[PDB]
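We give structure tokens for two forms of one protein chain below, kept apart as structure 1 and structure 2.
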Structure 1
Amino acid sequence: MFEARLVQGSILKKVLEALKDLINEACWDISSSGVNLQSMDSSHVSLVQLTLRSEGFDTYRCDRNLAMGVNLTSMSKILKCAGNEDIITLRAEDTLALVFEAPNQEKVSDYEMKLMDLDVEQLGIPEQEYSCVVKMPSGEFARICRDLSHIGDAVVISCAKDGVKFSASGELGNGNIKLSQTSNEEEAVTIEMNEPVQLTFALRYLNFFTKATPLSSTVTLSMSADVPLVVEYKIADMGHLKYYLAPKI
């Protein structure tokens, strides 16, 4: 018996939109502490980590630890049947029930999604400290990645103490975008770094990551020389959604 009641159900809708484009199928580790998800994509180039603390739910029970393998494309498709103001319950007792209560309480929706059997495979995250940390509006990071993807396939990220630069080159020319550190709510840009860093990443994966933009007004970039990028979105007060991206040479 697992059952978790989420009043602001749009969170689950958004989380699966942030995952389906990158991961077709993944394994949910449910426990008393909450729900937890880690998976690399097929090409082993990126890693997504989902954390939802049980305290962020309005009701939570979990008798034994479970590990549900779910086709995320199927679960996303079911969650699109839920309204944005619905209250959503995940329930399990080889099937995953999802119950969508309209705000009225006169409409109730029950979906039973078949589960799938997956190889549980433990991911080793090496331990790592980051020179450069960039905090910036999530909406502008989305626009930066989307625009430069119309110029090239890869973006060169150069962080200096006073500003960060995004560059791409392609067959119709090349462009760069410079953000300065602000001195200003949730549209500020603040850099805290040690000494200059330059890394090259694939815009293809970054635009997968930015499907998480509806989850937060800000986004956090963590970098160091020759180590994967981390982009993390904080979910309201329940957890986060981290993406790791290996660099290009």
Structure 2
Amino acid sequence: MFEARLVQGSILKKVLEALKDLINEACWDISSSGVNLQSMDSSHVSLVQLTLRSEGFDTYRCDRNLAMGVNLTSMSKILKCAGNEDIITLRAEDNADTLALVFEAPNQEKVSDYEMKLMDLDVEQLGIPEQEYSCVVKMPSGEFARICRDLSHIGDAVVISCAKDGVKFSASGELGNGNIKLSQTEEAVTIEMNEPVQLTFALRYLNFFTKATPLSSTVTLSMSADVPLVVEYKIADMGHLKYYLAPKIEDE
């Protein structure tokens, strides 16, 4: 028996909102320590890592480790039937050719229960022992989000540039070019660096990543020369959602 009672179903619903477009089918890794999802997007470009640790839940029970094949789109389609304050529980048993999701309206008075068939998938891994980063930036999720949305009106790629004197998102296109700055600081931005850096990323995928904005009011950009950008959304003393994206070779 795997069963997890999560009080805020919103977190789940959102998580799938931040996934379904980037990933179609995935195998959640459900163990004692928590629920993991590690998958390349359907174009094999960006790496996605979701960790929900047993702690952040309220009820967490996993007997035998199991691997749930599921279509994130279907699952999201199910979670759309859940209210935002609805307490949500996932329950699958052993063999588990299907999964059950129960939504309790708060105050109760209403209970909804669905089950979706599962798919036989295998695994992911994609471990990434990682490292310290020559640069890291904590900033409002929404801000970064619209930085991306707007600059995607100029170039098809943004150049992020980092020194403790601020941060700069530049882009250029047939329309001409534009350059955003920040300048440091409850909110806004911090920077931590052992070294300044400049990299070039595709706004398409970043704009995918910003779909997780509703999770944390803060996002974290981690980058080092010759290391993929890791954009970071913290989930509620629960887990985290990481997006890995390889920088362009010539900025420039």
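Take the two forms, superpose them, and find the largest set of C-alpha atoms that agree within 1.5 Å; that set is the rigid core. By convention here, residues take numbers in order along the sequence of structure 1, the first being 1.
Asker: Pick out the one residue among 84, 128, 176, 73 whose C-alpha shifts by 2 Å or more between structures 1 and 2, once the rigid core is superposed.
Answerer: Among the listed residues, the outlier is 128.
Asker: In Å, how large is the CA movement of residue 42 between structures 1 and 2 relative to the superposed rigid core?
Answerer: Residue shift at the C-alpha: 2.4 Å.
Asker: Relative to the superposed core, report the C-alpha shift of residue 110 between structures 1 and 2 in angstrom.
Answerer: So the C-alpha of this residue moves 1.1 Å.
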